[PDB]
$ cat input-v4.pdb   # PDB, C-alpha atoms
ATOM      1  CA  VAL A   1      78.414  95.766  80.491  1.00  0.00           C
ATOM      2  CA  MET A   2      78.114  92.021  81.008  1.00  0.00           C
ATOM      3  CA  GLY A   3      75.979  89.765  78.836  1.00  0.00           C
ATOM      4  CA  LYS A   4      76.713  86.294  80.179  1.00  0.00           C
ATOM      5  CA  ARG A   5      78.207  85.315  83.540  1.00  0.00           C
ATOM      6  CA  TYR A   6      78.624  81.631  84.542  1.00  0.00           C
ATOM      7  CA  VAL A   7      78.825  81.527  88.314  1.00  0.00           C
ATOM      8  CA  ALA A   8      77.422  79.359  90.805  1.00  0.00           C
ATOM      9  CA  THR A   9      74.321  80.204  92.216  1.00  0.00           C
ATOM     10  CA  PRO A  10      75.134  80.979  95.786  1.00  0.00           C
ATOM     11  CA  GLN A  11      73.711  78.065  97.274  1.00  0.00           C
ATOM     12  CA  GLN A  12      74.692  75.546  94.691  1.00  0.00           C
ATOM     13  CA  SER A  13      78.383  75.852  94.738  1.00  0.00           C
ATOM     14  CA  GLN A  14      79.639  72.384  95.547  1.00  0.00           C
ATOM     15  CA  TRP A  15      83.367  71.912  96.190  1.00  0.00           C
ATOM     16  CA  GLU A  16      84.599  68.311  96.189  1.00  0.00           C
ATOM     17  CA  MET A  17      87.913  66.540  96.699  1.00  0.00           C
ATOM     18  CA  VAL A  18      87.759  64.092  93.775  1.00  0.00           C
ATOM     19  CA  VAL A  19      91.208  62.771  94.686  1.00  0.00           C
ATOM     20  CA  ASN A  20      92.924  62.329  98.065  1.00  0.00           C
ATOM     21  CA  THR A  21      96.156  60.367  97.761  1.00  0.00           C
ATOM     22  CA  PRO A  22      99.838  60.418  98.767  1.00  0.00           C
ATOM     23  CA  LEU A  23     100.168  61.061  95.032  1.00  0.00           C
ATOM     24  CA  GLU A  24      97.770  63.675  93.769  1.00  0.00           C
ATOM     25  CA  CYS A  25      95.300  66.046  95.377  1.00  0.00           C
ATOM     26  CA  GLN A  26      92.492  67.208  93.095  1.00  0.00           C
ATOM     27  CA  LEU A  27      89.854  69.730  94.227  1.00  0.00           C
ATOM     28  CA  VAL A  28      86.863  70.360  91.970  1.00  0.00           C
ATOM     29  CA  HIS A  29      84.138  73.021  91.660  1.00  0.00           C
ATOM     30  CA  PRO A  30      81.607  72.555  88.899  1.00  0.00           C
ATOM     31  CA  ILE A  31      80.754  75.815  87.193  1.00  0.00           C
ATOM     32  CA  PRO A  32      76.908  75.943  87.110  1.00  0.00           C
ATOM     33  CA  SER A  33      76.617  75.876  83.337  1.00  0.00           C
ATOM     34  CA  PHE A  34      80.131  76.310  81.994  1.00  0.00           C
ATOM     35  CA  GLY A  35      82.063  73.311  83.280  1.00  0.00           C
ATOM     36  CA  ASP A  36      84.473  72.582  86.165  1.00  0.00           C
ATOM     37  CA  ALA A  37      87.300  74.469  87.886  1.00  0.00           C
ATOM     38  CA  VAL A  38      89.859  71.778  88.761  1.00  0.00           C
ATOM     39  CA  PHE A  39      92.824  72.185  91.143  1.00  0.00           C
ATOM     40  CA  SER A  40      95.610  69.560  91.146  1.00  0.00           C
ATOM     41  CA  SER A  41      98.834  68.890  93.022  1.00  0.00           C
ATOM     42  CA  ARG A  42     100.976  65.734  92.777  1.00  0.00           C
ATOM     43  CA  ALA A  43     103.709  63.924  94.694  1.00  0.00           C
ATOM     44  CA  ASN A  44     106.981  65.591  93.735  1.00  0.00           C
ATOM     45  CA  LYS A  45     110.148  67.124  95.144  1.00  0.00           C
ATOM     46  CA  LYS A  46     108.967  70.688  94.681  1.00  0.00           C
ATOM     47  CA  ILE A  47     105.546  71.967  95.736  1.00  0.00           C
ATOM     48  CA  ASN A  48     103.155  72.370  92.805  1.00  0.00           C
ATOM     49  CA  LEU A  49      99.611  73.344  91.890  1.00  0.00           C
ATOM     50  CA  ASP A  50      98.053  73.864  88.480  1.00  0.00           C
ATOM     51  CA  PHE A  51      94.548  75.145  87.780  1.00  0.00           C
ATOM     52  CA  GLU A  52      92.487  74.024  84.854  1.00  0.00           C
ATOM     53  CA  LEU A  53      89.287  75.573  83.550  1.00  0.00           C
ATOM     54  CA  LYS A  54      87.681  72.393  82.157  1.00  0.00           C
ATOM     55  CA  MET A  55      85.282  73.721  79.532  1.00  0.00           C
ATOM     56  CA  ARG A  56      82.252  71.546  78.854  1.00  0.00           C
ATOM     57  CA  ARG A  57      80.947  73.269  75.793  1.00  0.00           C
ATOM     58  CA  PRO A  58      83.763  74.867  73.805  1.00  0.00           C
ATOM     59  CA  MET A  59      84.807  78.244  72.394  1.00  0.00           C
ATOM     60  CA  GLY A  60      88.363  77.779  71.078  1.00  0.00           C
ATOM     61  CA  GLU A  61      90.603  80.825  70.831  1.00  0.00           C
ATOM     62  CA  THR A  62      90.306  83.121  73.782  1.00  0.00           C
ATOM     63  CA  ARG A  63      92.380  86.275  73.629  1.00  0.00           C
ATOM     64  CA  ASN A  64      92.825  89.090  76.113  1.00  0.00           C
ATOM     65  CA  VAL A  65      91.490  87.299  79.174  1.00  0.00           C
ATOM     66  CA  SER A  66      91.633  88.963  82.586  1.00  0.00           C
ATOM     67  CA  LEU A  67      91.494  87.597  86.179  1.00  0.00           C
ATOM     68  CA  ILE A  68      89.844  89.347  89.219  1.00  0.00           C
ATOM     69  CA  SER A  69      87.665  89.058  92.547  1.00  0.00           C
ATOM     70  CA  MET A  70      84.052  90.135  94.064  1.00  0.00           C
ATOM     71  CA  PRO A  71      81.055  88.441  96.134  1.00  0.00           C
ATOM     72  CA  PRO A  72      77.907  88.703  93.797  1.00  0.00           C
ATOM     73  CA  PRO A  73      75.331  86.638  95.630  1.00  0.00           C
ATOM     74  CA  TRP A  74      74.496  90.035  97.188  1.00  0.00           C
ATOM     75  CA  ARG A  75      72.309  93.000  96.042  1.00  0.00           C
ATOM     76  CA  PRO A  76      72.733  96.498  94.483  1.00  0.00           C
ATOM     77  CA  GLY A  77      76.370  97.353  94.841  1.00  0.00           C
ATOM     78  CA  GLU A  78      79.348  98.172  92.647  1.00  0.00           C
ATOM     79  CA  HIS A  79      82.022  95.929  91.148  1.00  0.00           C
ATOM     80  CA  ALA A  80      84.503  98.800  91.382  1.00  0.00           C
ATOM     81  CA  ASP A  81      84.337  98.597  95.179  1.00  0.00           C
ATOM     82  CA  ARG A  82      87.455  96.473  95.536  1.00  0.00           C
ATOM     83  CA  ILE A  83      88.158  94.483  92.368  1.00  0.00           C
ATOM     84  CA  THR A  84      91.668  93.041  92.770  1.00  0.00           C
ATOM     85  CA  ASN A  85      93.397  92.347  89.477  1.00  0.00           C
ATOM     86  CA  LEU A  86      95.097  88.968  89.388  1.00  0.00           C
ATOM     87  CA  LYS A  87      96.556  88.644  85.881  1.00  0.00           C
ATOM     88  CA  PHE A  88      96.140  89.238  82.164  1.00  0.00           C
ATOM     89  CA  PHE A  89      96.445  86.588  79.443  1.00  0.00           C
ATOM     90  CA  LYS A  90      97.061  87.718  75.861  1.00  0.00           C
ATOM     91  CA  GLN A  91      96.083  84.126  75.076  1.00  0.00           C
ATOM     92  CA  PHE A  92      94.166  81.922  77.509  1.00  0.00           C
ATOM     93  CA  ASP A  93      93.530  78.266  76.836  1.00  0.00           C
ATOM     94  CA  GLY A  94      91.873  77.290  80.101  1.00  0.00           C
ATOM     95  CA  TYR A  95      95.084  76.589  81.983  1.00  0.00           C
ATOM     96  CA  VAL A  96      97.050  78.198  84.854  1.00  0.00           C
ATOM     97  CA  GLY A  97      99.953  77.027  86.999  1.00  0.00           C
ATOM     98  CA  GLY A  98     102.306  78.467  89.566  1.00  0.00           C
ATOM     99  CA  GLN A  99     101.805  81.572  91.703  1.00  0.00           C
ATOM    100  CA  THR A 100      98.835  82.520  89.559  1.00  0.00           C
ATOM    101  CA  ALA A 101      97.057  79.295  90.489  1.00  0.00           C
ATOM    102  CA  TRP A 102      97.993  79.783  94.149  1.00  0.00           C
ATOM    103  CA  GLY A 103      96.376  83.169  93.762  1.00  0.00           C
ATOM    104  CA  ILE A 104      92.946  81.938  92.700  1.00  0.00           C
ATOM    105  CA  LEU A 105      93.218  79.962  95.923  1.00  0.00           C
ATOM    106  CA  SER A 106      94.470  82.768  98.156  1.00  0.00           C
ATOM    107  CA  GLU A 107      91.488  84.775  96.869  1.00  0.00           C
ATOM    108  CA  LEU A 108      88.682  82.237  97.206  1.00  0.00           C
ATOM    109  CA  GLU A 109      89.490  81.744 100.891  1.00  0.00           C
ATOM    110  CA  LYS A 110      89.433  85.534 101.422  1.00  0.00           C
ATOM    111  CA  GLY A 111      85.809  85.141 100.414  1.00  0.00           C
ATOM    112  CA  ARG A 112      86.367  86.720  97.018  1.00  0.00           C
ATOM    113  CA  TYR A 113      85.133  85.287  93.718  1.00  0.00           C
ATOM    114  CA  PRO A 114      87.925  84.775  91.157  1.00  0.00           C
ATOM    115  CA  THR A 115      86.426  85.493  87.722  1.00  0.00           C
ATOM    116  CA  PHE A 116      87.694  85.216  84.136  1.00  0.00           C
ATOM    117  CA  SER A 117      86.754  88.096  81.822  1.00  0.00           C
ATOM    118  CA  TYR A 118      86.200  87.180  78.152  1.00  0.00           C
ATOM    119  CA  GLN A 119      85.312  89.168  75.064  1.00  0.00           C
ATOM    120  CA  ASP A 120      84.906  86.235  72.712  1.00  0.00           C
ATOM    121  CA  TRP A 121      81.579  86.062  70.931  1.00  0.00           C
ATOM    122  CA  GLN A 122      80.186  88.728  68.691  1.00  0.00           C
ATOM    123  CA  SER A 123      82.822  91.442  68.628  1.00  0.00           C
ATOM    124  CA  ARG A 124      81.983  94.482  70.645  1.00  0.00           C
ATOM    125  CA  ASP A 125      79.677  93.476  73.381  1.00  0.00           C
ATOM    126  CA  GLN A 126      79.013  92.763  76.967  1.00  0.00           C
ATOM    127  CA  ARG A 127      81.686  90.931  78.996  1.00  0.00           C
ATOM    128  CA  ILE A 128      81.084  87.159  79.065  1.00  0.00           C
ATOM    129  CA  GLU A 129      82.436  86.120  82.472  1.00  0.00           C
ATOM    130  CA  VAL A 130      83.130  82.836  84.314  1.00  0.00           C
ATOM    131  CA  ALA A 131      83.521  83.002  88.091  1.00  0.00           C
ATOM    132  CA  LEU A 132      84.081  80.583  90.957  1.00  0.00           C
ATOM    133  CA  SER A 133      82.033  80.935  94.138  1.00  0.00           C
ATOM    134  CA  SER A 134      83.840  80.758  97.499  1.00  0.00           C
ATOM    135  CA  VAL A 135      80.900  79.247  99.329  1.00  0.00           C
ATOM    136  CA  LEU A 136      82.052  76.009 100.885  1.00  0.00           C
ATOM    137  CA  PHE A 137      85.483  76.319  99.443  1.00  0.00           C
ATOM    138  CA  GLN A 138      86.971  76.752 102.929  1.00  0.00           C
ATOM    139  CA  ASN A 139      85.821  73.415 104.365  1.00  0.00           C
ATOM    140  CA  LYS A 140      87.275  71.532 101.398  1.00  0.00           C
ATOM    141  CA  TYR A 141      90.343  73.753 101.092  1.00  0.00           C
ATOM    142  CA  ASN A 142      91.350  72.580 104.545  1.00  0.00           C
ATOM    143  CA  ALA A 143      90.988  69.080 103.130  1.00  0.00           C
ATOM    144  CA  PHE A 144      92.941  70.129 100.034  1.00  0.00           C
ATOM    145  CA  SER A 145      95.815  71.407 102.132  1.00  0.00           C
ATOM    146  CA  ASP A 146      96.034  68.353 104.349  1.00  0.00           C
ATOM    147  CA  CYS A 147      96.114  66.277 101.242  1.00  0.00           C
ATOM    148  CA  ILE A 148      99.037  68.298  99.939  1.00  0.00           C
ATOM    149  CA  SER A 149     100.993  68.018 103.176  1.00  0.00           C
ATOM    150  CA  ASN A 150     100.828  64.228 102.992  1.00  0.00           C
ATOM    151  CA  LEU A 151     101.905  64.306  99.368  1.00  0.00           C
ATOM    152  CA  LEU A 152     104.944  62.085  98.694  1.00  0.00           C
ATOM    153  CA  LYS A 153     107.978  64.315  98.290  1.00  0.00           C
ATOM    154  CA  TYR A 154     109.120  62.587  95.101  1.00  0.00           C
ATOM    155  CA  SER A 155     107.907  61.620  91.615  1.00  0.00           C
ATOM    156  CA  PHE A 156     109.251  59.085  89.118  1.00  0.00           C
ATOM    157  CA  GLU A 157     112.506  59.993  90.870  1.00  0.00           C
ATOM    158  CA  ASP A 158     112.744  56.274  91.421  1.00  0.00           C
ATOM    159  CA  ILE A 159     112.192  54.949  87.910  1.00  0.00           C
ATOM    160  CA  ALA A 160     115.420  52.937  88.006  1.00  0.00           C
ATOM    161  CA  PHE A 161     117.229  51.931  91.220  1.00  0.00           C
ATOM    162  CA  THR A 162     120.300  49.709  91.728  1.00  0.00           C
ATOM    163  CA  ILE A 163     120.161  47.926  95.069  1.00  0.00           C
ATOM    164  CA  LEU A 164     123.550  47.543  96.734  1.00  0.00           C
ATOM    165  CA  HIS A 165     123.682  44.480  99.024  1.00  0.00           C
ATOM    166  CA  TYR A 166     126.481  44.418 101.618  1.00  0.00           C
ATOM    167  CA  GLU A 167     129.592  42.388 102.320  1.00  0.00           C
ATOM    168  CA  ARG A 168     129.221  41.633  98.621  1.00  0.00           C
ATOM    169  CA  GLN A 169     128.445  38.120  99.857  1.00  0.00           C
ATOM    170  CA  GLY A 170     125.215  39.111  98.278  1.00  0.00           C
ATOM    171  CA  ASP A 171     122.050  38.293 100.165  1.00  0.00           C
ATOM    172  CA  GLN A 172     121.998  41.082 102.806  1.00  0.00           C
ATOM    173  CA  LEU A 173     120.452  44.398 101.715  1.00  0.00           C
ATOM    174  CA  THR A 174     122.042  47.737 102.745  1.00  0.00           C
ATOM    175  CA  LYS A 175     120.478  50.261 105.155  1.00  0.00           C
ATOM    176  CA  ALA A 176     119.700  52.479 102.192  1.00  0.00           C
ATOM    177  CA  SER A 177     118.732  49.767  99.725  1.00  0.00           C
ATOM    178  CA  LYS A 178     116.042  48.987 102.277  1.00  0.00           C
ATOM    179  CA  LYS A 179     115.074  52.659 102.560  1.00  0.00           C
ATOM    180  CA  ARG A 180     114.840  52.804  98.765  1.00  0.00           C
ATOM    181  CA  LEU A 181     112.493  49.846  98.715  1.00  0.00           C
ATOM    182  CA  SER A 182     109.773  50.970 101.107  1.00  0.00           C
ATOM    183  CA  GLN A 183     110.197  54.269  99.299  1.00  0.00           C
ATOM    184  CA  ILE A 184     109.440  52.562  96.009  1.00  0.00           C
ATOM    185  CA  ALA A 185     106.626  50.628  97.686  1.00  0.00           C
ATOM    186  CA  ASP A 186     105.005  53.676  99.242  1.00  0.00           C
ATOM    187  CA  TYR A 187     104.450  54.922  95.710  1.00  0.00           C
ATOM    188  CA  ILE A 188     103.600  51.803  93.759  1.00  0.00           C
ATOM    189  CA  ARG A 189     100.799  50.842  96.098  1.00  0.00           C
ATOM    190  CA  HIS A 190      98.714  54.017  95.611  1.00  0.00           C
ATOM    191  CA  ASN A 191      99.128  53.699  91.845  1.00  0.00           C
ATOM    192  CA  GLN A 192      98.083  50.241  90.659  1.00  0.00           C
ATOM    193  CA  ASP A 193      98.609  51.146  86.985  1.00  0.00           C
ATOM    194  CA  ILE A 194     102.306  50.594  87.266  1.00  0.00           C
ATOM    195  CA  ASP A 195     104.350  47.415  87.827  1.00  0.00           C
ATOM    196  CA  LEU A 196     107.726  46.059  88.992  1.00  0.00           C
ATOM    197  CA  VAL A 197     110.523  44.620  86.871  1.00  0.00           C
ATOM    198  CA  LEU A 198     113.461  42.918  88.610  1.00  0.00           C
ATOM    199  CA  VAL A 199     116.592  43.220  86.495  1.00  0.00           C
ATOM    200  CA  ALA A 200     119.738  41.185  86.715  1.00  0.00           C
ATOM    201  CA  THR A 201     122.013  42.247  83.879  1.00  0.00           C
ATOM    202  CA  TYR A 202     124.396  39.347  83.493  1.00  0.00           C
ATOM    203  CA  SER A 210     130.617  39.126  89.404  1.00  0.00           C
ATOM    204  CA  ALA A 211     127.748  37.647  91.424  1.00  0.00           C
ATOM    205  CA  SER A 212     126.168  34.210  90.936  1.00  0.00           C
ATOM    206  CA  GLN A 213     123.054  32.514  89.630  1.00  0.00           C
ATOM    207  CA  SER A 214     122.553  30.985  93.086  1.00  0.00           C
ATOM    208  CA  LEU A 215     122.816  34.391  94.726  1.00  0.00           C
ATOM    209  CA  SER A 216     120.678  36.193  92.154  1.00  0.00           C
ATOM    210  CA  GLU A 217     117.781  33.762  92.509  1.00  0.00           C
ATOM    211  CA  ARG A 218     117.610  33.790  96.302  1.00  0.00           C
ATOM    212  CA  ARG A 219     118.414  37.488  95.943  1.00  0.00           C
ATOM    213  CA  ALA A 220     115.390  38.006  93.699  1.00  0.00           C
ATOM    214  CA  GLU A 221     113.044  35.986  95.858  1.00  0.00           C
ATOM    215  CA  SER A 222     113.975  38.348  98.658  1.00  0.00           C
ATOM    216  CA  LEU A 223     112.232  41.328  97.073  1.00  0.00           C
ATOM    217  CA  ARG A 224     109.528  39.185  95.617  1.00  0.00           C
ATOM    218  CA  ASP A 225     108.723  38.637  99.300  1.00  0.00           C
ATOM    219  CA  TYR A 226     109.800  42.051 100.513  1.00  0.00           C
ATOM    220  CA  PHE A 227     107.041  43.335  98.265  1.00  0.00           C
ATOM    221  CA  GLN A 228     104.645  40.410  98.617  1.00  0.00           C
ATOM    222  CA  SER A 229     104.770  41.422 102.249  1.00  0.00           C
ATOM    223  CA  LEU A 230     104.127  45.116 101.779  1.00  0.00           C
ATOM    224  CA  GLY A 231     100.990  45.025  99.725  1.00  0.00           C
ATOM    225  CA  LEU A 232     100.871  44.077  96.065  1.00  0.00           C
ATOM    226  CA  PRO A 233     101.028  40.512  94.676  1.00  0.00           C
ATOM    227  CA  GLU A 234     102.566  38.024  92.210  1.00  0.00           C
ATOM    228  CA  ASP A 235     101.883  39.921  88.959  1.00  0.00           C
ATOM    229  CA  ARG A 236     103.251  43.432  89.172  1.00  0.00           C
ATOM    230  CA  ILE A 237     106.483  41.612  89.491  1.00  0.00           C
ATOM    231  CA  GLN A 238     108.237  40.586  86.330  1.00  0.00           C
ATOM    232  CA  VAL A 239     111.830  39.328  86.455  1.00  0.00           C
ATOM    233  CA  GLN A 240     113.378  39.992  83.015  1.00  0.00           C
ATOM    234  CA  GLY A 241     116.531  38.117  82.135  1.00  0.00           C
ATOM    235  CA  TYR A 242     119.065  39.630  79.760  1.00  0.00           C
ATOM    236  CA  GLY A 243     122.596  40.947  79.542  1.00  0.00           C
ATOM    237  CA  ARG A 262     123.658  43.894  90.509  1.00  0.00           C
ATOM    238  CA  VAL A 263     119.978  43.013  90.966  1.00  0.00           C
ATOM    239  CA  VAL A 264     118.750  46.316  89.623  1.00  0.00           C
ATOM    240  CA  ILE A 265     115.145  47.378  90.066  1.00  0.00           C
ATOM    241  CA  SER A 266     114.043  49.333  87.016  1.00  0.00           C
ATOM    242  CA  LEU A 267     110.502  50.390  86.646  1.00  0.00           C
ATOM    243  CA  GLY A 268     109.077  51.532  83.450  1.00  0.00           C
ATOM    244  CA  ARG A 269     105.831  53.492  83.595  1.00  0.00           C
ATOM    245  CA  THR A 270     103.776  50.400  83.182  1.00  0.00           C
ATOM    246  CA  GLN A 271     101.718  50.780  80.263  1.00  0.00           C
TER     247      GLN A 271
END

$ encode --input "input-v4.pdb" --output "structure tokens"
Amino acid sequence: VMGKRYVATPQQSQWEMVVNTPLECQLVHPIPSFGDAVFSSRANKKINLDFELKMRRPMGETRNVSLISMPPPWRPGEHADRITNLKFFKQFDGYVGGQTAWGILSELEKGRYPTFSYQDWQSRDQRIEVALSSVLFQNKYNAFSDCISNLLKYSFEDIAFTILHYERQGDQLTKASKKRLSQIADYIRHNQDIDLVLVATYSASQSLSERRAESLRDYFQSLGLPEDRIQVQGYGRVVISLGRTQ
């Protein structure tokens, strides 16, 4: 028997894309009284998706948690009907990632209501659930997917790059070195909490270096961001090396 079940009221299930970027797609569903069910995916080489049950009022050690499906806005009926089992967690801490997370999705679209079964409070008692309605889900999911498809296929897989100019003469950038720049610019721009650091560790020349540094300073001043994300640290190739930022 169930005592408490957080689920949103059939109408009131709002699904929102809180984040739509070539960097991270985040789909949210507030749980009517429990908290939010957040879905995230970020720019990376391999496809990814982690789910996070963002509790708003805590409980703090949840053991033997189960995952399943069932549309409840309706009347007298059984749960037994067709209750697909998704997974069991000896220990659940509000997180999920991988195929499991893709499940919760696969379900929701099917119309089903993924729900987390808890036996936390008191000891022996009714099941205190937490479900996610699949009301609007679909509209937004289609937005979620699109967002994922346009997700950059790389992460901080460009934290430190060494540009290789050709003919050695210096000033002319290679075909690739140019492909690595835009690449590095296509990221940078959508994340303005990260900055550029032009590194010349130092046979080249001071004359070359300088006009060779200006080149990117423009190359980037052209693309989008300005005069401050660029820092040209001197100490001992014009090697771009970005550190996080902060």

$ closest_atom_pairs --input "input-v4.pdb" --of "stretch 151-190 of chain A" --to "stretch 234-265 of chain A" --cutoff "7 Å" --atoms "all atoms listed in the file" --output "tab-separated table"
residue	atom	partner	partner_atom	distance
A:160	CA	A:265	CA	5.9
A:161	CA	A:265	CA	5.1
A:162	CA	A:264	CA	4.3
A:163	CA	A:264	CA	5.9

$ resolve_selection --input "input-v4.pdb" --expression "the PyMOL selection byres ((chain A and resi 171) around 9)" --output "ChimeraX atom specification"
/A:165-170,172-173,215-216,218-219,222

$ write_last_selection --input "input-v4.pdb" --atoms "C-alpha atoms" --output "PDB file, in the frame of the given file"
ATOM      1  CA  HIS A 165     123.682  44.480  99.024  1.00  0.00           C
ATOM      2  CA  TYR A 166     126.481  44.418 101.618  1.00  0.00           C
ATOM      3  CA  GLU A 167     129.592  42.388 102.320  1.00  0.00           C
ATOM      4  CA  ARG A 168     129.221  41.633  98.621  1.00  0.00           C
ATOM      5  CA  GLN A 169     128.445  38.120  99.857  1.00  0.00           C
ATOM      6  CA  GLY A 170     125.215  39.111  98.278  1.00  0.00           C
ATOM      7  CA  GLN A 172     121.998  41.082 102.806  1.00  0.00           C
ATOM      8  CA  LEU A 173     120.452  44.398 101.715  1.00  0.00           C
ATOM      9  CA  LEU A 215     122.816  34.391  94.726  1.00  0.00           C
ATOM     10  CA  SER A 216     120.678  36.193  92.154  1.00  0.00           C
ATOM     11  CA  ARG A 218     117.610  33.790  96.302  1.00  0.00           C
ATOM     12  CA  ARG A 219     118.414  37.488  95.943  1.00  0.00           C
ATOM     13  CA  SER A 222     113.975  38.348  98.658  1.00  0.00           C
TER      14      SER A 222
END

$ resolve_selection --input "input-v4.pdb" --expression "the PyMOL selection byres ((chain A and resi 43) around 9)" --output "number ranges by chain"
A: 21-25, 41-42, 44-48, 148, 150-155

$ resolve_selection --input "input-v4.pdb" --expression "the PyMOL selection byres ((chain A and resi 26) around 10)" --output "NGL selection string"
:A and (16-21 or 24-25 or 27-28 or 38-42 or 49-51 or 144 or 147-148)

$ closest_residue --input "input-v4.pdb" --among "A:123, A:31, A:174, A:220" --to "residue A:199" --atoms "all atoms listed in the file"
A:220

$ closest_atom_pairs --input "input-v4.pdb" --of "stretch 105-193 of chain A" --to "stretch 56-62 of chain A" --cutoff "10 Å" --atoms "only C-alpha atoms" --output "tab-separated table"
residue	atom	partner	partner_atom	distance
A:118	CA	A:62	CA	7.2
A:119	CA	A:62	CA	7.9
A:120	CA	A:62	CA	6.3
A:121	CA	A:59	CA	8.6

$ atom_distance --input "input-v4.pdb" --atom1 "atom CA of residue A:76" --atom2 "atom CA of residue A:130"
20.0 Å

$ residues_around --input "input-v4.pdb" --residues "residue A:54" --least-positions-apart "4" --cutoff "10 Å" --atoms "all atoms listed in the file" --output "PyMOL selection string"
chain A and resi 30-31+34-38+58+93-95

$ atom_distance --input "input-v4.pdb" --atom1 "atom CA of residue A:69" --atom2 "atom CA of residue A:109"
11.2 Å

$ axis_aligned_box --input "input-v4.pdb" --around "stretch 120-135 of chain A" --padding-each-side "6 Å" --output "lines of an AutoDock Vina configuration file"
center_x = 82.0
center_y = 86.9
center_z = 84.0
size_x = 17.9
size_y = 27.2
size_z = 42.7

$ atom_distance --input "input-v4.pdb" --atom1 "atom CA of residue A:103" --atom2 "atom CA of residue A:190"
29.3 Å

$ closest_residue --input "input-v4.pdb" --among "A:6, A:15, A:141, A:187" --to "residue A:231" --atoms "all atoms listed in the file"
A:187

$ residues_around --input "input-v4.pdb" --residues "stretch 180-186 of chain A" --least-positions-apart "2" --cutoff "8 Å" --atoms "all atoms listed in the file" --output "ChimeraX atom specification"
/A:158,161,176-178,188-190,227,230

$ closest_residue --input "input-v4.pdb" --among "A:85, A:11, A:71, A:217" --to "residue A:136" --atoms "all atoms listed in the file"
A:11

$ closest_residue --input "input-v4.pdb" --among "A:106, A:122, A:271, A:134" --to "residue A:8" --atoms "all atoms listed in the file"
A:134

$ closest_residue --input "input-v4.pdb" --among "A:266, A:117, A:12, A:229" --to "residue A:86" --atoms "only C-alpha atoms"
A:117

$ closest_residue --input "input-v4.pdb" --among "A:80, A:53, A:132, A:267" --to "residue A:97" --atoms "all atoms listed in the file"
A:53

$ residues_around --input "input-v4.pdb" --residues "residue A:90" --least-positions-apart "4" --cutoff "8 Å" --atoms "only C-alpha atoms" --output "PyMOL selection string"
chain A and resi 63-65
